[PDB]
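Take a look at this single chain, the form deposited in one PDB entry, given in structure tokens.
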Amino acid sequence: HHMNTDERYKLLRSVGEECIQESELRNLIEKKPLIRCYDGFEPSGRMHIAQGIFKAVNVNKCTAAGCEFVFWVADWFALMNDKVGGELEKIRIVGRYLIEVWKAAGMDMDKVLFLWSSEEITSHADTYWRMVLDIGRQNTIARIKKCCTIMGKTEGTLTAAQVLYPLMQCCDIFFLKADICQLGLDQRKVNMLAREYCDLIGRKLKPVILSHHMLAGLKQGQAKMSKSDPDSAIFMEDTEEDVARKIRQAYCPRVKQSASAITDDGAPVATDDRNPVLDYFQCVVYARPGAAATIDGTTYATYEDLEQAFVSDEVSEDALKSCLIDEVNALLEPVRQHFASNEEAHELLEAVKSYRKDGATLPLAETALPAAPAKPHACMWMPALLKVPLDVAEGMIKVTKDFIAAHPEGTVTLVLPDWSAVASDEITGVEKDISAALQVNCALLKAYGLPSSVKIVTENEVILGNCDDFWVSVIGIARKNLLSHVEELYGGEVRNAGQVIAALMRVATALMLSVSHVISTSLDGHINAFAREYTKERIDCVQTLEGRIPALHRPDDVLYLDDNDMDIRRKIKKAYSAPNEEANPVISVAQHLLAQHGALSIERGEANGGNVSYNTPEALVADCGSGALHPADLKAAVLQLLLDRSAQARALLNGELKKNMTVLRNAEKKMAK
């Protein structure tokens, strides 16, 4: 029996309570031979019948229709959602068990593949993570805040930098090149975000969202199976005595079952006329191809047939219930038998058993400390700007000298955040652009005299140098701090999720370079304080010294460290400078110059003043107002000095950095739009 197009569409469509784009699903069926359905799971522990049997039933439908089914065994996602005491070591071991059961349960594995999140992410770190960051960059915190029910959590201002998990799950859909997203209706909001992110990255074809039904819980109150009630659902380990007890006492309204209005968040809701006994009949028996119930002689061909018989009292409740008990025990026995016989398999279940010992609530919840650096070491982040002010550059130069002198055999590292800044959506939000901006502005800061002892390093190098350990720590820092906390650092509001990831990345970078002190500029704001806080106030914070080189307007008129000949020339021209005045932006720049050098000298000619030198700031302010220093004589001297100092940095603009300057000024053209 080779199926025609219609027959396959009918069977594949059958798997989903909803199907985002039936039209899209039918294109795939007609066009593509090995369609990728995907699903994923946190190996949380004991396996409930929905996941054991009902999932097998649906995978088998997918594969029969001519699909390939890829399972994302999401070890880290369970870890991020605190699933098993936060002990990852052999959550693997659980995962291994879950697969062993599916085999016994009847999943046809010929076209099913299992991948392990840990293995596959680590292996393609750059590909995976860069996207995980891009999705958070192009999306509002609000939107990702809304994906909270895929993890069984509430958006309640009580989410734990666990706005990362969605970004990652969303990424998985593209990483694994999913054609169809065949996960539960819970996960709806993440899959939605993937479809949305398709319109952004341009990708023409969106993933089809074929969301499966959420099995009802066995008691009146509950819509799904919960963890704190073993009797809410049948588990694959239950003895036939267990299966009896649990279904016998199960809620069982005599009301015809009719499909529920599709909620937005996907999550189910309990009606008083929700009948789980019937829901098990529809999902675990009748959904199997050949399957049909048989009570008291008569065999009900459709589920619908059985349902009528019950509600018209042809079949008793006690009879209906007694049938499901027989019927379910039939589905489990094969699995039970297997683990009673296969020694390797029993070992694996007993292995789950030797984890069961005691439990959470809470001798559990595992995370990870750090250790203190042997000698002093400060790190500082290069402002992610297309034009960095001169005031700022000179500020971060002096902090460096000051720190070196006061910790003579310590160390100083300058970090170029070429990952974080893209996540934050700095500048144009493009990667090539931001990395060019950083590489230039750094190059000049050295030309303006950044010490050689400073170790310059890009985040790319730090991460891809030591990948796992990095992100594992990011994950770990992430778990301990609440979202609401991280948002404080940006003054209580964030522009996008990427900024929540950027703050996390810095703390992580500080820990990895084994930093003692974090150096901050005005552009850093309060972000770097996170490092100090996360280290129980161990890491000290040092603030740069700025506000010596003002804006040139009177109370782009501000000296940036990439000003060329023309720029320095004209910017001064516009600088304010009233006559007989002793307080203005040209003087503030001149006094700074005089301080740094140790004596300013205007170079006149005789009669028209004569030349003069000033080596104090009181002796200049006098001469500017009540005095014989005209705006032009001072401005002339300043401009020469500003140029003369920059000379070294400027040769780079029409030389080595010219290459990248092209790409920078092209960025500036997009921001004008």
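Take the two forms, find the largest set of C-alpha atoms that superpose within 1.5 Å, and that set is the rigid core. Position 1 is the first residue in the sequence shown; the rest follow in order.
Deposited sequence between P555 and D556: 4 to 9 residues lack coordinates.
The form deposited in another entry is left out here; the points below concern that form.
With the core fitted between this form and the one not shown, just one of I549, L88, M382, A250 shows a Cα displacement of at least 2 Å, namely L88. Shown in the overlay between this form and the one not shown, fitted on the rigid core, is a CA shift at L349 smaller than 2 Å. Taking the rigid core as fixed, one finds a CA shift for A607 of 2 Å or more between this form and the one not shown. Fitting the two forms on the rigid core leaves the C-alpha of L79 displaced by at least 2 angstroms between this form and the one not shown.
Wider separation of the C-alpha atoms of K83 and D242, by 3 angstroms or more, is seen in that other deposited form than in the present form. CA of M512 to CA of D82: closer by 3 Å or more in that other deposited form than in the shown form.
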